[PDB]
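Visitor: Protein chains in written order, with PDB author numbering: chain B, 86 to 159; chain B', 86 to 159; chain B'', 86 to 159; chain A, 82 to 160; chain A', 82 to 160; chain A'', 82 to 160. A prime marks a further copy of an entry chain.
C-beta atoms are modelled at their ideal positions from N, C-alpha and C, and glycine is treated no differently.
Here's a structure for you.
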Amino acid sequence: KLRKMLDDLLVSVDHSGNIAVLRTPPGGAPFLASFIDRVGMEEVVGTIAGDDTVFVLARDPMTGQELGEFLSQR
Amino acid sequence: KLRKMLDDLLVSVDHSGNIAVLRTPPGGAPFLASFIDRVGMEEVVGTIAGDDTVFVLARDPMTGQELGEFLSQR
Amino acid sequence: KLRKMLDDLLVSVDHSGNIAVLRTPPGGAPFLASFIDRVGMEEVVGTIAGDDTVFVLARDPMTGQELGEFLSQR
Amino acid sequence: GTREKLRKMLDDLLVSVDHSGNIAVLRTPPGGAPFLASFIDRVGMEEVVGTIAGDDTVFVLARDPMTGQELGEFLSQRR
Amino acid sequence: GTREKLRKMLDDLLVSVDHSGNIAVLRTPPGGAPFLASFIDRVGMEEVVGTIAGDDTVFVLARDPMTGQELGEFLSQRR
Amino acid sequence: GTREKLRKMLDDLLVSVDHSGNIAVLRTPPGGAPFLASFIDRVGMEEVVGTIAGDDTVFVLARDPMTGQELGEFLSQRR
Ligand SMILES: N[C@@H](Cc1ccc(O)cc1)C(=O)O
Ligand SMILES: N[C@@H](Cc1ccc(O)cc1)C(=O)O
Ligand SMILES: N[C@@H](Cc1ccc(O)cc1)C(=O)O
Ligand SMILES: N[C@@H](Cc1ccc(O)cc1)C(=O)O
Ligand SMILES: N[C@@H](Cc1ccc(O)cc1)C(=O)O
Ligand SMILES: N[C@@H](Cc1ccc(O)cc1)C(=O)O
Numbered sequence: 086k087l088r089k090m091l092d093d094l095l096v097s098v099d100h101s102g103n104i105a106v107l108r109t110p111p112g113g114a115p116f117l118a119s120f121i122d123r124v125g126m127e128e129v130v131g132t133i134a135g136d137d138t139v140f141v142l143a144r145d146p147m148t149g150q151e152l153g154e155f156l157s158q159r
Numbered sequence: 086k087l088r089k090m091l092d093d094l095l096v097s098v099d100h101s102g103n104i105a106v107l108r109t110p111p112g113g114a115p116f117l118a119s120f121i122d123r124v125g126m127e128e129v130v131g132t133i134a135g136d137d138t139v140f141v142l143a144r145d146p147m148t149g150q151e152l153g154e155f156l157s158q159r
Numbered sequence: 086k087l088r089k090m091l092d093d094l095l096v097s098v099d100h101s102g103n104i105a106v107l108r109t110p111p112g113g114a115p116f117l118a119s120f121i122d123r124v125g126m127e128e129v130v131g132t133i134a135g136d137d138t139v140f141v142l143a144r145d146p147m148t149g150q151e152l153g154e155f156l157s158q159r
Numbered sequence: 082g083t084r085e086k087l088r089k090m091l092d093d094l095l096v097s098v099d100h101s102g103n104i105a106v107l108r109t110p111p112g113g114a115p116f117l118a119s120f121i122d123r124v125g126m127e128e129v130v131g132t133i134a135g136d137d138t139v140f141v142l143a144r145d146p147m148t149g150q151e152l153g154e155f156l157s158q159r160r
Numbered sequence: 082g083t084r085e086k087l088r089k090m091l092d093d094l095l096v097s098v099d100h101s102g103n104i105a106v107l108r109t110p111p112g113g114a115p116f117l118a119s120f121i122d123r124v125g126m127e128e129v130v131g132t133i134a135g136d137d138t139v140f141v142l143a144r145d146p147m148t149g150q151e152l153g154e155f156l157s158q159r160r
Numbered sequence: 082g083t084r085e086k087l088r089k090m091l092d093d094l095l096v097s098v099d100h101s102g103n104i105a106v107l108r109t110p111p112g113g114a115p116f117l118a119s120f121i122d123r124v125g126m127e128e129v130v131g132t133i134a135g136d137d138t139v140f141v142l143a144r145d146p147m148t149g150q151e152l153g154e155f156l157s158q159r160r
């Protein structure tokens, strides 16, 4: 469950333009991001995970702030 | 040849705003992206590869959709 | 010091839209990016590092060009 | 606390443990290896010389004379 | 099919093979190591305890009593 | 020049060196392991079979019969 992953891994959410930024604990980004990819959300154009940072690309016309609010809401 | 790399590695292309998103098979993103970097395309501001996802940043005024169409066309 | 890291690691800076792109020597991206993260700059929404490429997301209304100019200026 | 945290990390991320020679091999779910390995590093195991995470695999190097197997067992007992 | 795919992977990604002790070391082109290693994991080699990919290098741990060299040879013969 | 560059790399990135068996283990600051390891690869050490970088850790495999320790010492002497 993404909801469960998000309580353990989502340290914070931020945004700018079409991107939602998710912060995780150290090394957490690929574990969280690949789980997002498996959910298969239509508004999620794609994700890239660094070490502690995920960039999630929102499908126009959704903004990165809206997208990040939906992930933070879970 | 990028054309050849793209038939073996490009599972799909997507976009939003100034970003083209390329999906690859598992672990394929850095192999595909670094090969894009070596091509040296003026409209490609840069790329970042995750595991199975490449973000390619299009130079304004080109959009991520146009850029992704040119890569998908190869 | 970020200033010192930037002379050793910043090969070039580029931009498009809300993103500043930093190029590093091979494998340098996570070393440079995590150091940016530790600085904690309010306009930096987040960073993701690939191998030789950092994407830095600028907080609206700052552009990726302005942000990249401030990093290049250090 | 650190121990309760390690135990929960291991329970949620450690799919299996294996070994060969002085290496213990941890398997995780997809993307999980840096998350798990980062934390292991942070607990400060004297018997661990170091770790490297891939995507779903960690190699944990055992400090001589300990073996990869013994390392693995130590970790399994923390679950 | 899996074998034809492994063979093509190896032909296109394996620049060289080397070894030391219980480790086989695969070299790839730039960025190629996770692509190759992911696939190796997926073929299910019983003689492989696990793999870790860097950027252009994979370490493949051989299951005791097999050696890194023997592993390498097995892989070379699949090309 | 390559040597002055290696020396500066090592001085700035090598927090510590350790070993077990045929592996030398390099510790770096955060994110530093691919930067350091890339460069090591590029200097062409005959005694190095290969390297893999994580985030803050590199495993350097020593070419038989050299040991992880001896490798480490060689690198320490370049600082
Ligand atoms: N936040 C960036 C930079 C980073 C890289 C390595 C780290 O250990 C920490 C941060 C990323 O996750 O890609
Ligand atoms: N698509 C993201 C997340 C991801 C990370 C690890 C994976 O194994 C799979 C997907 C990326 O490539 O960075
Ligand atoms: N520039 C991209 C692609 C890349 C990946 C692996 C490399 O070795 C080089 C480049 C990134 O840094 O993610
Ligand atoms: N098991 C290897 C190879 C791998 C790479 C990428 C993957 O998505 C999956 C597996 C590692 O974790 O490095
Ligand atoms: N060979 C090592 C170090 C390396 C890191 C990044 C590179 O781009 C190249 C080499 C690895 O694959 O981890
Ligand atoms: N030391 C391990 C685990 C690790 C992963 C991510 C980190 O940010 C820190 C440590 C490695 O370098 O792979």
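Put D92/A' into one of helix, strand or coil per three-state DSSP.
Guide: The residue labelled residue 92/A' in the question sits at position 11 within the fifth sequence. Residue state, collapsed to three classes: helix.
Visitor: Quick one: residues in its chain with C-beta nearer than 7 Å to the C-beta of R108/A'', no 5 flanking neighbours on either side, listed in chain order?
Guide: Start at 1 with the first residue of the sixth sequence, and residue 108/A'' comes out as number 27. Only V96, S97, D137, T138 meet the Cβ criterion.
Visitor: Determine which residues share a DSSP beta bridge with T138/A and list them.
Guide: Position 57 of the fourth sequence, counting from 1, holds the residue named residue 138/A. Answer by DSSP bridge pairing, in chain order: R108/A.
Visitor: Does the count of Cβ pairs from the region 87-95 of chain A and the region 116-136 of chain B'' closer than 8 Å reach three?
Guide: Taking 8 Å as the limit for Cβ pairs, the verdict is that the region 116-136 of chain B'' does not touch the region 87-95 of chain A.
Visitor: Quick check: is the beta carbon of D99/B' nearer than 8 Å to any beta carbon in chain A'?
Guide: Here residue 99/B' corresponds to residue number 14 of the second sequence, with the count starting at 1. By this cut-off, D99/B' is not an interface position.
Visitor: Taking 7 Å as the cut-off, is the beta-carbon of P110/B closer than that to any non-hydrogen atom of ligand 6?
Guide: The residue given as residue 110/B occupies position 25 in the first sequence. Outside the cutoff, so no.
Visitor: Quick check: does the Cβ of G131/B'' come within less than 7 Å of any heavy atom belonging to ligand 3?
Guide: Position 46 of the third sequence, counted from the start, is the residue given in the question as residue 131/B''. Not under cutoff, so the answer is no.
Visitor: Per DSSP, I121/B'' is paired with what?
Guide: Along the third sequence, read from residue 1 onward, the residue named residue 121/B'' stands at position 36. DSSP output for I121/B'' lists no bridge partner at all.
Visitor: Anything in the region 110-128 of chain B' with a Cβ closer than 9 Å to a Cβ of chain B? List those residues in chain order, please.
Guide: Going along the region 110-128 of chain B' in chain order, one finds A114 with a Cβ nearer than 9 Å to chain B.
Visitor: Assign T83/A'' to one of three DSSP states: helix, strand, or coil.
Guide: Your numbering for residue 83/A'' matches position 2 in the sixth sequence. Of the three classes helix, strand and coil, the one that applies to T83/A'' here is helix, per DSSP.
Visitor: For chain B, check one thing: does any of its Cβ atoms lie closer than 8 Å to the Cβ of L142/B''?
Guide: Working through the third sequence from its first residue, we reach residue 142/B'' at position 57. So, interface residue.
Visitor: Comparing the C-beta of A134/A' with each C-beta of chain B', is any distance below 8 Å?
Guide: Along the fifth sequence, read from residue 1 onward, the residue named residue 134/A' stands at position 53. Closer than 8 Å to some Cβ of chain B', the Cβ of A134/A' qualifies, so yes.
Visitor: For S119/B'', which option in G112/B'', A134/B'', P111/B'' has the closest C-alpha, if you only look at C-alpha atoms?
Guide: Reading the third sequence from its first residue, position 34 is the one you call residue 119/B''. It is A134/B''.
Visitor: Ligand 4 heavy atoms versus the CB of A114/A: any closer than 7 Å?
Guide: The residue labelled residue 114/A in the question sits at position 33 within the fourth sequence. Yes.
Visitor: Run the CB neighbour count on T132/A'', radius 10 Å, all protein chains shown included, and call it buried at 16 or more, exposed below.
Guide: Walking along the sixth sequence from the start, residue 132/A'' turns up at place 51. Its Cβ being crowded by 16 or more others within 10 Å, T132/A'' is buried.
Visitor: Quick one: does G153/A' have its CB under 8 Å from some CB of chain A?
Guide: What you label residue 153/A' is simply residue 72 of the fifth sequence in a count that begins at 1. Chain A contact via Cβ: absent.
Visitor: With respect to 7 Å, is the separation between the Cβ of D136/A and the closest non-hydrogen atom of ligand 2 below this value?
Guide: Position 55 of the fourth sequence, counted from the first residue, corresponds to residue 136/A. Yes.
Visitor: Would you verify that the beta carbon of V96/B' is, or is not, closer than 8 Å to some beta carbon of chain B?
Guide: Counted from its first residue, the second sequence places residue 96/B' at position 11. Output row for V96/B': interface = no.
Visitor: Since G102/A'' and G153/A'' are thought to touch, with beta carbons under 8 Å apart, how far apart are those beta carbons, to the nearest angstrom?
Guide: Numbered from 1 along the sixth sequence, position 21 holds the residue referred to as residue 102/A''. Numbered from 1 along the sixth sequence, position 72 holds the residue referred to as residue 153/A''. So it is not a contact: roughly 12 Å between Cβ atoms.
Visitor: Within 7 Å: the Cβ of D99/B' and any heavy atom of ligand 2?
Guide: One-based indexing of the second sequence puts residue 99/B' at position 14. Result no, Cβ not under 7 Å from ligand 2.
Visitor: Say yes only if the C-beta of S119/A' is nearer than 7 Å to one or more non-hydrogen atoms of ligand 4, and no if none qualify.
Guide: Counted from its first residue, the fifth sequence places residue 119/A' at position 38. Yes, ligand 4 has a heavy atom inside 7 Å of this Cβ.
Visitor: Does the Cβ of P115/A' have 16 or more other Cβ atoms within 10 Å, making it buried, or fewer, making it exposed?
Guide: Working through the fifth sequence from its first residue, we reach residue 115/A' at position 34. Buried, since its Cβ has 16 or more Cβ neighbours within 10 Å.
Visitor: Once DSSP output is grouped into helix, strand and coil, what is the label at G149/B'?
Guide: By one-based count along the second sequence, residue 149/B' stands at place 64. In the structure shown, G149/B' sits in a helix (DSSP, three-state: H, G or I).
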